[PDB]
Amino acid sequence: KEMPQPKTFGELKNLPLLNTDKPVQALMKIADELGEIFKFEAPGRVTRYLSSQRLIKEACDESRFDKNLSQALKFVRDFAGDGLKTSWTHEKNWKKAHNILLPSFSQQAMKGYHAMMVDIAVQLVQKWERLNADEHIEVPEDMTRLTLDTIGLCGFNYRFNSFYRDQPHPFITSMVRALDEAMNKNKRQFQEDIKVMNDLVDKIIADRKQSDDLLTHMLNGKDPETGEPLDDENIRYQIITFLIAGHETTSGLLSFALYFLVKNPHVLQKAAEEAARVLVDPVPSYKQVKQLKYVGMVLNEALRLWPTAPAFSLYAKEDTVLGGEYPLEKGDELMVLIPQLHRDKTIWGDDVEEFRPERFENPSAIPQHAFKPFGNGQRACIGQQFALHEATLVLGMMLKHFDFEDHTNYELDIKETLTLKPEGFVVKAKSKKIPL
Amino acid sequence: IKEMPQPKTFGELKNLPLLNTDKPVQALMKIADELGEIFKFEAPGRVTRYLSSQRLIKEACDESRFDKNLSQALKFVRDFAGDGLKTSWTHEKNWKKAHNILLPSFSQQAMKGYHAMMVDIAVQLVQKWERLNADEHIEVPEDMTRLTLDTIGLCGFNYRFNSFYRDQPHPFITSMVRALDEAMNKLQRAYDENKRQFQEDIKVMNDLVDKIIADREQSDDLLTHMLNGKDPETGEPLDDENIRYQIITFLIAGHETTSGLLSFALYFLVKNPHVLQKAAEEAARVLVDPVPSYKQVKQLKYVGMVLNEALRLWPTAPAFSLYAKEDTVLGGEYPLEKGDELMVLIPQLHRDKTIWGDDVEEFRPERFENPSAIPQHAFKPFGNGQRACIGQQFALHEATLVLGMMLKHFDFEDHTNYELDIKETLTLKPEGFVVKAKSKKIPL
Ligand code: HEM
Ligand code: HEM
Ligand SMILES: O=C(CCCCCn1ccnc1)N[C@@H](Cc1ccccc1)C(=O)O
Ligand SMILES: O=C(CCCCCn1ccnc1)N[C@@H](Cc1ccccc1)C(=O)O
Ligand SMILES: C=Cc1ccccc1
Ligand SMILES: C=Cc1ccccc1
Ligand SMILES: C=Cc1ccccc1
């Protein structure tokens, strides 16, 4: 009945616990000590961190809880506006934009994105096959090049041309600094950086003046409910939203996937063997990517251990009781600590920290709400299928074309922004000399 | 593009008289030894291809290219199992409903509710064995069938077959075990007495199920999920006709293949004393209470490996059938047209030396220490894909609980030096397998 709570810092309460460069991993350690639920207090704020499937499946009851904007999302809202990810469910523009943009993430839409995904994936393979002997790969940096370019091309027919650069694009230079101010919360840079983004979004809009992409549905798509299309201001927020949401969590997944592969050679061989027998053409087709089952299992197990969007927030729609012993009042917050939920020994067994993609051969074997890397309910990730198709294509192409070596025997160091990434992860790729 | 081998033919009967034998799975295994990874098998009105290598079977398990086919054996079982889960086609509406309605009752979480009743039946087995007089022996497959039938009856439907109080098995299964016999005999096959008996058999099995369905305060069991469960997709519950078919289906599928596994597991243990001692040592240090708990059974890792290795050599459901959803090519050299059949010869697949090495015939549970070490689709005792065994974990929990309790409570002796004689129905079992058990005098 009484909720545990970590150590306090006087009038600052629990807030200095987050004054660290790895806040998610610190919260995981607290969850290891205090268990499935603990209170977290800050000046002006109270929330509860859930970490067990037993409590989180109740929090995922959409009749009792709705998506809440965490403090991290409130700061992203200062430039993402009422885009899909930083709007409340009751805001008119959420459901409107939701109804207009859901078709562009359908299976018929994924078939149309596929050619442009392969375009960027080929650029990645050719960069690696053009390396000299004893040169290494900076994995998360190259994966960020790929995912940013994919969403730019597939979504808006804009070429960031990240593989022609050392220093990333001027647009995201503002982003990582603007997102830095958001996570760290200099105010001059934030305002000057926010303008830089709107200036790109203008170039992307003016240039569209054909195509079958996200940007088309935003200018021409009409919400069946209200009959209205999106107004100019909201489209600009969606572009910013999709540029951000569309790349960084996907590049973390690919980076973590390759990390776990080179640390588990038995899993690597099974995935490489599948890639070899399935990807028989010089360019993978859409149907061939759907056939990479074990590769998809690899990606899901990487998302289990290190889900790159590591939390989401909920609030109680009415007075209710959680787990039969924790009464909540209307408006109270919850935080779903996804990495801890995915380490629930009562769901996954004792080998939670081991990388075994074989857990995911049967999706029906996994209990309800035990696996939530993409959020929950109507506010779940709209880009899930985009993300998994791109990552499966790219990982399959990587496994087909190269043998990989953990030549520094890398020690996992997870850098935390609002997402997770293995920092300093480097490998060597020995080409298999299979032409494209 | 290669031409497919084929065994000897019998004129207009083609290959069919090859199955006119009392050990057809072992006969098909011998043909696979002669002809290799694939061979065509023809019968009047029927053609299928038997796969035996991981190389081809890993392709056949691609669900975008192949779907479950009802073999001639499953078609005959359908005459009384109806559109139950095991004898329905994937596109039949009642498959996906019953599948969506019944998966929760087979979840790893769900076993915790079955566990007490599994222990109920397992204690009766231990107490029967410690109550034997000196120099009395155990009839292993007979007692394992007593246990598994009672477990599925109790855990699934709160019905007590009370097999450990009987010499002659239950009247229901006498019809059931005879119905599977007549169905099996029809493949190899004036027969009016066979058809009169068959319908009378369906009547005994049905009327018993309608006793419970008509008879049945709620419960944890399967039957509760069937009467109250609603398909999340269509919102509909099962109709009464399908429910009875599921009961018949689960009564059959729930016990017969599981008792063969336990029988084969105990056979291999007493033929490999070093493995038995290693398994017995784990049982002792883990089963520290008079009654095993759910957690402790989960901790019997080596026992689970023992059961997996028994399933490798003699998978008690020895085959399953597939059909090509579209024109495709198997292995780059065998073209298949839409609708063509395959048969997966599971015991032969599990003897692929390119997967397991040259010691394929040796009982070594350590092969299953790492699941990530096993190549894809090399181990298929429970079928494939969405049409895989729904009761897989029920079976493995029951067998692990029962086998661990046996190894904790008795030392076993192969006092006749039993020669393995595998009886074939639609499943496999070691016939005539008998042992002596010296109680260790550990109370319950
Ligand atoms: C690759 C791995 C990805 C992960 C782990 C991930 C994670 C998540 C999570 C957890 C949420 C729910 C956040 C919340 O409930 O507060 C979410 C929402 C969202 N994601 Fe992703 N995402 C991924 C890929 C993508 C991609 C590729 C796109 C764009 C194409 C995208 C666009 C969005 C959008 C628009 C939302 C908001 C949906 C809504 O509010 O209705 N995501 N994502
Ligand atoms: C060691 C024990 C067992 C083995 C080796 C085994 C084997 C198999 C195999 C190979 C299949 C696929 C058949 C096919 O594809 O045609 C299957 C399906 C099935 N099994 Fe089992 N089984 C076992 C135990 C059980 C138990 C205990 C139950 C019931 C609780 C059960 C119920 C079923 C059902 C209902 C199906 C059909 C599932 C569907 O098609 O959706 N089995 N089993
Ligand atoms: O735990 C987290 C991390 C959640 C960020 C996920 C962002 N993302 C990115 C893509 N899709 C979602 N954030 C808390 C920290 C906090 C708690 C209490 C008081 C102050 C701060 C919060 O911001 O509320
Ligand atoms: O022998 C078998 C073995 C099938 C038994 C599997 C039944 N089971 C029981 C529980 N789980 C599965 N299958 C073929 C034989 C045949 C080949 C060619 C022509 C006619 C018959 C078939 O029945 O089609
Ligand atoms: C709170 C920030 C905001 C952003 C866009 C529209 C309305 C409000
Ligand atoms: C979840 C929907 C909602 C709608 C209006 C107010 C609060 C919540
Ligand atoms: C990280 C810098 C860089 C520079 C050139 C090619 C690839 C990477």
# chains A, B, ... in the order shown; residues from 1 in each chain; ligands from 1
call {"tool": "interface_residues", "arguments": {"of": "chain A", "to": "chain B", "cutoff": "10 Å", "atoms": "only C-alpha atoms", "output": "ChimeraX atom specification"}}
result
/A:264-271,273-274,277-278,287,290-294,346-350,355-359,361-368
call {"tool": "write_last_selection", "arguments": {"atoms": "N, CA, C and O atoms", "output": "short mmCIF file (atom, residue, chain, number, x, y, z; two decimals), in the first residue's frame"}}
result
data_model
loop_
_atom_site.label_atom_id
_atom_site.label_comp_id
_atom_site.auth_asym_id
_atom_site.auth_seq_id
_atom_site.Cartn_x
_atom_site.Cartn_y
_atom_site.Cartn_z
N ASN A 264 27.56 -11.94 -29.80
CA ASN A 264 26.91 -13.25 -29.73
C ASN A 264 27.08 -13.94 -31.08
O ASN A 264 26.17 -13.93 -31.92
N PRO A 265 28.24 -14.55 -31.32
CA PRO A 265 28.54 -15.08 -32.66
C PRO A 265 27.57 -16.15 -33.15
O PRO A 265 27.37 -16.26 -34.37
N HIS A 266 26.98 -16.94 -32.26
CA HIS A 266 26.01 -17.94 -32.70
C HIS A 266 24.78 -17.27 -33.31
O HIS A 266 24.27 -17.73 -34.34
N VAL A 267 24.32 -16.19 -32.70
CA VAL A 267 23.19 -15.45 -33.25
C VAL A 267 23.57 -14.79 -34.57
O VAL A 267 22.76 -14.75 -35.51
N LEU A 268 24.80 -14.28 -34.67
CA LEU A 268 25.23 -13.64 -35.90
C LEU A 268 25.18 -14.60 -37.08
O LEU A 268 24.69 -14.26 -38.16
N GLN A 269 25.69 -15.82 -36.89
CA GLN A 269 25.74 -16.78 -37.99
C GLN A 269 24.34 -17.15 -38.45
O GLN A 269 24.09 -17.27 -39.66
N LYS A 270 23.41 -17.35 -37.51
CA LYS A 270 22.04 -17.68 -37.90
C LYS A 270 21.40 -16.54 -38.69
O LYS A 270 20.70 -16.77 -39.67
N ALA A 271 21.65 -15.29 -38.27
CA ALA A 271 21.11 -14.15 -39.00
C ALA A 271 21.79 -13.96 -40.34
O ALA A 271 21.13 -13.67 -41.35
N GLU A 273 23.23 -16.31 -42.12
CA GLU A 273 22.81 -17.41 -42.98
C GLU A 273 21.43 -17.14 -43.58
O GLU A 273 21.19 -17.42 -44.76
N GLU A 274 20.51 -16.58 -42.78
CA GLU A 274 19.20 -16.21 -43.31
C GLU A 274 19.31 -15.11 -44.36
O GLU A 274 18.68 -15.18 -45.42
N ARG A 277 20.53 -16.63 -47.79
CA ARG A 277 19.62 -17.46 -48.56
C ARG A 277 18.36 -16.73 -49.00
O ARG A 277 17.70 -17.16 -49.95
N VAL A 278 18.01 -15.63 -48.33
CA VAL A 278 16.79 -14.90 -48.67
C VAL A 278 17.07 -13.78 -49.66
O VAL A 278 16.32 -13.60 -50.63
N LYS A 287 9.11 -8.02 -50.72
CA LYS A 287 8.68 -9.34 -50.26
C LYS A 287 9.84 -10.09 -49.61
O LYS A 287 9.63 -10.84 -48.64
N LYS A 290 10.26 -8.96 -45.99
CA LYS A 290 9.27 -9.61 -45.13
C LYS A 290 9.67 -11.03 -44.75
O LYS A 290 9.20 -11.53 -43.72
N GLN A 291 10.53 -11.68 -45.54
CA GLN A 291 10.92 -13.06 -45.30
C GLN A 291 12.09 -13.21 -44.34
O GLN A 291 12.47 -14.34 -44.01
N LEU A 292 12.68 -12.10 -43.88
CA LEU A 292 13.82 -12.14 -42.97
C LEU A 292 13.33 -12.25 -41.52
O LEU A 292 13.45 -11.32 -40.72
N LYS A 293 12.77 -13.41 -41.20
CA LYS A 293 12.14 -13.58 -39.89
C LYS A 293 13.16 -13.47 -38.76
O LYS A 293 12.95 -12.73 -37.79
N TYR A 294 14.27 -14.22 -38.85
CA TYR A 294 15.24 -14.21 -37.75
C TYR A 294 15.85 -12.83 -37.57
O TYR A 294 16.14 -12.42 -36.44
N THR A 346 9.50 -12.56 -13.96
CA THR A 346 8.26 -13.33 -13.91
C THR A 346 7.64 -13.51 -15.29
O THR A 346 6.77 -14.37 -15.46
N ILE A 347 8.05 -12.72 -16.27
CA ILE A 347 7.56 -12.84 -17.64
C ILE A 347 8.55 -13.59 -18.52
O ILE A 347 8.18 -14.52 -19.23
N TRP A 348 9.83 -13.20 -18.48
CA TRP A 348 10.84 -13.69 -19.41
C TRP A 348 11.71 -14.80 -18.83
O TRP A 348 12.49 -15.40 -19.59
N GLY A 349 11.62 -15.08 -17.54
CA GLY A 349 12.51 -16.04 -16.93
C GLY A 349 13.72 -15.38 -16.29
O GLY A 349 13.81 -14.16 -16.16
N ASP A 350 14.66 -16.23 -15.88
CA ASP A 350 15.84 -15.74 -15.17
C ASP A 350 16.92 -15.18 -16.10
O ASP A 350 17.73 -14.37 -15.65
N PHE A 355 21.02 -12.12 -24.57
CA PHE A 355 20.48 -11.82 -25.90
C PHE A 355 20.12 -13.14 -26.57
O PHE A 355 20.99 -13.87 -27.05
N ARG A 356 18.82 -13.46 -26.60
CA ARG A 356 18.31 -14.65 -27.28
C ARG A 356 17.12 -14.25 -28.15
O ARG A 356 15.98 -14.18 -27.67
N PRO A 357 17.35 -13.99 -29.44
CA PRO A 357 16.22 -13.67 -30.33
C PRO A 357 15.18 -14.76 -30.39
O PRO A 357 14.03 -14.49 -30.78
N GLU A 358 15.54 -15.99 -30.02
CA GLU A 358 14.62 -17.12 -30.10
C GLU A 358 13.39 -16.93 -29.22
O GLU A 358 12.41 -17.67 -29.38
N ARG A 359 13.42 -15.98 -28.28
CA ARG A 359 12.24 -15.64 -27.50
C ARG A 359 11.06 -15.23 -28.38
O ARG A 359 9.90 -15.36 -27.97
N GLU A 361 10.09 -16.18 -31.60
CA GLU A 361 9.57 -17.01 -32.68
C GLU A 361 8.04 -17.01 -32.68
O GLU A 361 7.41 -16.99 -33.75
N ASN A 362 7.43 -17.00 -31.50
CA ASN A 362 5.99 -16.92 -31.37
C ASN A 362 5.62 -15.58 -30.75
O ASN A 362 5.88 -15.37 -29.56
N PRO A 363 5.04 -14.65 -31.51
CA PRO A 363 4.52 -13.43 -30.87
C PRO A 363 3.38 -13.72 -29.92
O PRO A 363 3.18 -12.99 -28.94
N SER A 364 2.62 -14.79 -30.18
CA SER A 364 1.49 -15.16 -29.34
C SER A 364 1.93 -15.74 -28.00
O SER A 364 1.12 -15.79 -27.07
N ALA A 365 3.18 -16.18 -27.88
CA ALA A 365 3.67 -16.68 -26.60
C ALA A 365 3.94 -15.55 -25.62
O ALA A 365 3.92 -15.79 -24.40
N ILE A 366 4.18 -14.34 -26.11
CA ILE A 366 4.50 -13.21 -25.25
C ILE A 366 3.20 -12.69 -24.63
O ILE A 366 2.25 -12.37 -25.35
N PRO A 367 3.12 -12.61 -23.30
CA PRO A 367 1.91 -12.10 -22.66
C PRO A 367 1.62 -10.66 -23.05
O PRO A 367 2.47 -9.94 -23.57
N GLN A 368 0.38 -10.25 -22.80
CA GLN A 368 -0.07 -8.92 -23.20
C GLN A 368 0.66 -7.85 -22.40
O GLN A 368 0.80 -7.95 -21.18
#
call {"tool": "residues_near_ligand", "arguments": {"ligand": "ligand 7", "cutoff": "12 Å", "atoms": "only C-alpha atoms and all ligand atoms", "output": "MDAnalysis selection string"}}
result
chainID A and resid 124 126:128 130:132 135:145 162:168 424 426
call {"tool": "write_last_selection", "arguments": {"atoms": "N, CA and C atoms", "output": "CSV table (one decimal), in the first residue's frame"}}
result
chain,number,residue,atom,x,y,z
A,124,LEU,N,25.0,3.1,-48.0
A,124,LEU,CA,25.8,2.6,-46.8
A,124,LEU,C,26.7,1.5,-47.1
A,126,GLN,N,28.0,0.7,-50.0
A,126,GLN,CA,29.1,1.1,-50.8
A,126,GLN,C,30.2,1.9,-50.1
A,127,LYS,N,29.7,2.7,-49.1
A,127,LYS,CA,30.7,3.4,-48.2
A,127,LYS,C,31.6,2.4,-47.5
A,128,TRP,N,31.0,1.3,-47.0
A,128,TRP,CA,31.8,0.3,-46.2
A,128,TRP,C,32.7,-0.5,-47.1
A,130,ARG,N,34.1,0.6,-49.7
A,130,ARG,CA,35.1,1.5,-50.2
A,130,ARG,C,36.1,1.9,-49.1
A,131,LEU,N,36.0,1.3,-47.9
A,131,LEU,CA,37.0,1.5,-46.9
A,131,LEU,C,38.3,0.8,-47.2
A,132,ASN,N,39.4,1.4,-46.8
A,132,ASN,CA,40.7,0.7,-46.9
A,132,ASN,C,40.9,-0.3,-45.8
A,135,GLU,N,40.9,0.1,-41.7
A,135,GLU,CA,40.0,1.2,-41.4
A,135,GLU,C,38.8,0.6,-40.7
A,136,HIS,N,38.2,1.3,-39.7
A,136,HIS,CA,37.1,0.8,-39.0
A,136,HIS,C,35.8,1.6,-39.3
A,137,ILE,N,34.7,1.1,-38.8
A,137,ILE,CA,33.4,1.8,-38.9
A,137,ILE,C,33.0,2.4,-37.6
A,138,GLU,N,32.5,3.6,-37.6
A,138,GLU,CA,31.8,4.2,-36.4
A,138,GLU,C,30.3,4.0,-36.6
A,139,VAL,N,29.8,3.0,-35.8
A,139,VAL,CA,28.5,2.4,-36.1
A,139,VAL,C,27.4,3.3,-35.9
A,140,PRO,N,27.2,3.9,-34.7
A,140,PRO,CA,26.0,4.8,-34.5
A,140,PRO,C,26.1,6.0,-35.4
A,141,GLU,N,27.2,6.5,-35.7
A,141,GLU,CA,27.3,7.7,-36.6
A,141,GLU,C,26.9,7.4,-38.0
A,142,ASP,N,27.3,6.2,-38.5
A,142,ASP,CA,26.8,5.8,-39.8
A,142,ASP,C,25.4,5.4,-39.9
A,143,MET,N,24.9,4.8,-38.8
A,143,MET,CA,23.4,4.5,-38.7
A,143,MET,C,22.6,5.7,-38.7
A,144,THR,N,23.1,6.8,-38.0
A,144,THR,CA,22.3,8.0,-38.0
A,144,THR,C,22.3,8.7,-39.4
A,145,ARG,N,23.4,8.6,-40.1
A,145,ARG,CA,23.5,9.0,-41.5
A,145,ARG,C,22.4,8.3,-42.3
A,162,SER,N,23.8,12.7,-46.2
A,162,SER,CA,24.6,12.6,-45.0
A,162,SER,C,25.9,11.8,-45.3
A,163,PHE,N,25.9,10.9,-46.3
A,163,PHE,CA,27.2,10.2,-46.6
A,163,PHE,C,28.2,11.0,-47.4
A,164,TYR,N,27.9,12.2,-47.7
A,164,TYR,CA,28.8,13.1,-48.3
A,164,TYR,C,29.5,14.1,-47.3
A,165,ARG,N,29.2,13.9,-46.0
A,165,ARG,CA,29.6,14.9,-45.0
A,165,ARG,C,30.4,14.2,-43.9
A,166,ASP,N,31.2,15.0,-43.3
A,166,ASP,CA,31.9,14.7,-42.0
A,166,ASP,C,31.0,15.2,-40.8
A,167,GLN,N,30.8,16.5,-40.8
A,167,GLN,CA,29.9,17.2,-39.9
A,167,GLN,C,28.5,17.1,-40.3
A,168,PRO,N,27.6,16.6,-39.5
A,168,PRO,CA,26.2,16.3,-39.9
A,168,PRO,C,25.5,17.6,-40.4
A,424,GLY,N,30.7,5.2,-29.0
A,424,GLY,CA,32.0,4.7,-29.3
A,424,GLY,C,32.1,3.3,-29.9
A,426,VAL,N,32.5,0.7,-32.4
A,426,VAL,CA,33.2,0.6,-33.7
A,426,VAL,C,33.5,-0.9,-34.0
call {"tool": "residues_around", "arguments": {"residues": "residue 405 of chain A", "least_positions_apart": "2", "cutoff": "6 Å", "atoms": "only C-alpha atoms", "output": "list in words"}}
result
residues 407, 427 and 428 of chain A
call {"tool": "write_last_selection", "arguments": {"atoms": "C-alpha atoms", "output": "mmCIF file, in the first residue's frame"}}
result
data_model
loop_
_atom_site.group_PDB
_atom_site.id
_atom_site.type_symbol
_atom_site.label_atom_id
_atom_site.label_comp_id
_atom_site.auth_asym_id
_atom_site.auth_seq_id
_atom_site.Cartn_x
_atom_site.Cartn_y
_atom_site.Cartn_z
ATOM 1 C CA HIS A 407 38.303 -5.542 -33.127
ATOM 2 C CA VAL A 427 33.681 -2.493 -35.864
ATOM 3 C CA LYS A 428 35.599 -3.676 -38.907
#
call {"tool": "residues_near_ligand", "arguments": {"ligand": "ligand 2", "cutoff": "6 Å", "atoms": "only C-alpha atoms and all ligand atoms", "output": "PDB file with C-alpha atoms, in the first residue's frame"}}
result
ATOM      1  CA  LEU B  85      -7.802 -26.791 -33.573  1.00  0.00           C
ATOM      2  CA  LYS B  86      -5.675 -29.657 -34.899  1.00  0.00           C
ATOM      3  CA  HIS B  99      -6.813 -20.130 -31.558  1.00  0.00           C
ATOM      4  CA  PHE B 250      -7.647 -31.754 -26.448  1.00  0.00           C
ATOM      5  CA  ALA B 253      -3.763 -34.340 -28.349  1.00  0.00           C
ATOM      6  CA  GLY B 254      -3.341 -33.554 -24.662  1.00  0.00           C
ATOM      7  CA  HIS B 255      -2.178 -36.944 -23.461  1.00  0.00           C
ATOM      8  CA  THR B 257       2.003 -37.661 -27.486  1.00  0.00           C
ATOM      9  CA  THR B 258       3.024 -36.563 -23.975  1.00  0.00           C
ATOM     10  CA  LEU B 261       7.725 -38.506 -24.558  1.00  0.00           C
ATOM     11  CA  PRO B 315       9.375 -37.172 -31.715  1.00  0.00           C
ATOM     12  CA  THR B 316       6.063 -38.713 -30.727  1.00  0.00           C
ATOM     13  CA  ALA B 317       4.140 -36.768 -33.370  1.00  0.00           C
ATOM     14  CA  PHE B 320       3.239 -32.873 -40.260  1.00  0.00           C
ATOM     15  CA  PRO B 381       8.936 -31.767 -32.562  1.00  0.00           C
ATOM     16  CA  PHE B 382       6.009 -29.362 -31.984  1.00  0.00           C
ATOM     17  CA  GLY B 383       5.237 -28.381 -35.580  1.00  0.00           C
ATOM     18  CA  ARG B 387       0.001 -23.964 -36.634  1.00  0.00           C
ATOM     19  CA  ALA B 388       2.531 -25.203 -34.036  1.00  0.00           C
ATOM     20  CA  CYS B 389       1.491 -27.205 -30.953  1.00  0.00           C
ATOM     21  CA  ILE B 390      -0.661 -24.949 -28.731  1.00  0.00           C
ATOM     22  CA  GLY B 391      -0.045 -27.309 -25.784  1.00  0.00           C
ATOM     23  CA  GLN B 392       3.727 -27.454 -26.145  1.00  0.00           C
ATOM     24  CA  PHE B 394       1.673 -27.728 -21.004  1.00  0.00           C
ATOM     25  CA  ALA B 395       3.379 -30.919 -22.191  1.00  0.00           C
TER      26      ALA B 395
END
call {"tool": "residues_near_ligand", "arguments": {"ligand": "ligand 5", "cutoff": "7 Å", "atoms": "only C-alpha atoms and all ligand atoms", "output": "ChimeraX atom specification"}}
result
/A:77-78,81-82
call {"tool": "residues_around", "arguments": {"residues": "residue 306 of chain A", "least_positions_apart": "2", "cutoff": "9 Å", "atoms": "only C-alpha atoms", "output": "PyMOL selection string"}}
result
chain A and resi 252-253+256+301-304+308-310+338-339+342+373+420-421
call {"tool": "select_by_dssp", "arguments": {"residues": "segment 303-417 of chain A", "states": "strand (DSSP E)", "output": "list in words"}}
result
residues 311, 312, 313, 314, 315, 316, 320, 321, 322, 326, 327, 328, 333, 334, 335, 336, 337, 402, 403, 404, 405, 414, 415 and 416 of chain A
call {"tool": "residues_near_ligand", "arguments": {"ligand": "ligand 6", "cutoff": "10 Å", "atoms": "only C-alpha atoms and all ligand atoms", "output": "MDAnalysis selection string"}}
result
chainID A and resid 62:68 88:92 315:318 331 378
call {"tool": "write_last_selection", "arguments": {"atoms": "N, CA, C and O atoms", "output": "short mmCIF file (atom, residue, chain, number, x, y, z; two decimals), in the first residue's frame"}}
result
data_model
loop_
_atom_site.label_atom_id
_atom_site.label_comp_id
_atom_site.auth_asym_id
_atom_site.auth_seq_id
_atom_site.Cartn_x
_atom_site.Cartn_y
_atom_site.Cartn_z
N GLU A 62 -6.64 1.80 -21.75
CA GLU A 62 -6.90 3.14 -22.25
C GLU A 62 -8.19 3.74 -21.70
O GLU A 62 -8.38 4.95 -21.78
N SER A 63 -9.07 2.91 -21.14
CA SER A 63 -10.26 3.44 -20.49
C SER A 63 -9.94 4.06 -19.13
O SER A 63 -10.76 4.82 -18.61
N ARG A 64 -8.78 3.75 -18.56
CA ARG A 64 -8.38 4.28 -17.27
C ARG A 64 -7.23 5.28 -17.34
O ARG A 64 -7.14 6.15 -16.48
N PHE A 65 -6.37 5.19 -18.36
CA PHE A 65 -5.21 6.06 -18.46
C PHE A 65 -5.02 6.55 -19.89
O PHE A 65 -5.27 5.81 -20.85
N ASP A 66 -4.59 7.80 -20.02
CA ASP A 66 -4.31 8.44 -21.30
C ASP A 66 -2.85 8.89 -21.33
O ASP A 66 -2.20 8.99 -20.28
N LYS A 67 -2.33 9.15 -22.53
CA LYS A 67 -0.96 9.61 -22.66
C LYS A 67 -0.78 10.96 -21.98
O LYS A 67 -1.59 11.88 -22.15
N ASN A 68 0.29 11.09 -21.20
CA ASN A 68 0.67 12.34 -20.56
C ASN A 68 1.95 12.86 -21.21
O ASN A 68 2.82 12.07 -21.59
N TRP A 88 -1.63 16.49 -26.94
CA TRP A 88 -2.51 15.71 -26.08
C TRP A 88 -3.61 15.06 -26.91
O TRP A 88 -3.98 15.55 -27.98
N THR A 89 -4.12 13.94 -26.40
CA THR A 89 -5.16 13.20 -27.13
C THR A 89 -6.41 14.04 -27.34
O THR A 89 -7.08 13.91 -28.36
N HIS A 90 -6.73 14.93 -26.39
CA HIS A 90 -7.94 15.73 -26.51
C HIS A 90 -7.77 16.96 -27.40
O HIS A 90 -8.76 17.63 -27.70
N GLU A 91 -6.55 17.27 -27.83
CA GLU A 91 -6.35 18.36 -28.77
C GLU A 91 -6.88 17.94 -30.14
O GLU A 91 -6.63 16.83 -30.60
N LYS A 92 -7.63 18.84 -30.78
CA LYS A 92 -8.28 18.51 -32.04
C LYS A 92 -7.28 18.08 -33.10
O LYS A 92 -7.57 17.20 -33.91
N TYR A 315 -1.40 9.42 -17.51
CA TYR A 315 -2.13 10.03 -16.40
C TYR A 315 -3.48 9.35 -16.24
O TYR A 315 -4.08 8.88 -17.21
N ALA A 316 -3.96 9.30 -15.00
CA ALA A 316 -5.22 8.65 -14.69
C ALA A 316 -6.39 9.51 -15.14
O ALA A 316 -6.49 10.68 -14.76
N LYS A 317 -7.27 8.92 -15.95
CA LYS A 317 -8.45 9.65 -16.41
C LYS A 317 -9.46 9.86 -15.29
O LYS A 317 -10.19 10.86 -15.29
N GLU A 318 -9.53 8.94 -14.32
CA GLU A 318 -10.40 9.07 -13.17
C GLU A 318 -9.70 8.50 -11.94
O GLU A 318 -8.64 7.88 -12.04
N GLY A 331 -5.70 12.58 -12.65
CA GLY A 331 -4.60 13.43 -13.05
C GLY A 331 -3.23 13.00 -12.59
O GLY A 331 -2.23 13.56 -13.06
N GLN A 378 -3.79 3.82 -28.92
CA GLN A 378 -3.95 4.76 -30.02
C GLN A 378 -2.80 5.76 -30.09
O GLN A 378 -2.59 6.38 -31.14
#
call {"tool": "residues_around", "arguments": {"residues": "residue 124 of chain B", "least_positions_apart": "4", "cutoff": "10 Å", "atoms": "only C-alpha atoms", "output": "count of residues only"}}
result
9
call {"tool": "residues_near_ligand", "arguments": {"ligand": "ligand 4", "cutoff": "8 Å", "atoms": "only C-alpha atoms and all ligand atoms", "output": "ChimeraX atom specification"}}
result
/B:16,19,24-25,41-43,46-48,70-75,86,187-188,253,257,316-321,343,426-427
call {"tool": "select_by_dssp", "arguments": {"residues": "segment 316-398 of chain A", "states": "helix (DSSP H, G or I)", "output": "ChimeraX atom specification"}}
result
/A:338-341,345-348,357-360,363-365,377-379,384-398
call {"tool": "residues_near_ligand", "arguments": {"ligand": "ligand 3", "cutoff": "9 Å", "atoms": "only C-alpha atoms and all ligand atoms", "output": "number ranges by chain"}}
result
A: 14-15, 18, 23-24, 27, 40-49, 69-76, 85, 183, 244-245, 248-249, 308-313, 335-337, 374-375, 381, 417-419
call {"tool": "atom_distance", "arguments": {"atom1": "atom CA of residue 400 of chain A", "atom2": "atom CA of residue 150 of chain A"}}
result
20.0 Å
call {"tool": "residues_around", "arguments": {"residues": "residue 263 of chain B", "least_positions_apart": "4", "cutoff": "7 Å", "atoms": "only C-alpha atoms", "output": "list in words"}}
result
residues 140, 141, 144, 259, 267, 429 and 430 of chain B
call {"tool": "closest_residue", "arguments": {"among": "A:218, A:395, A:50, A:12", "to": "residue 298 of chain A", "atoms": "only C-alpha atoms"}}
result
A:395
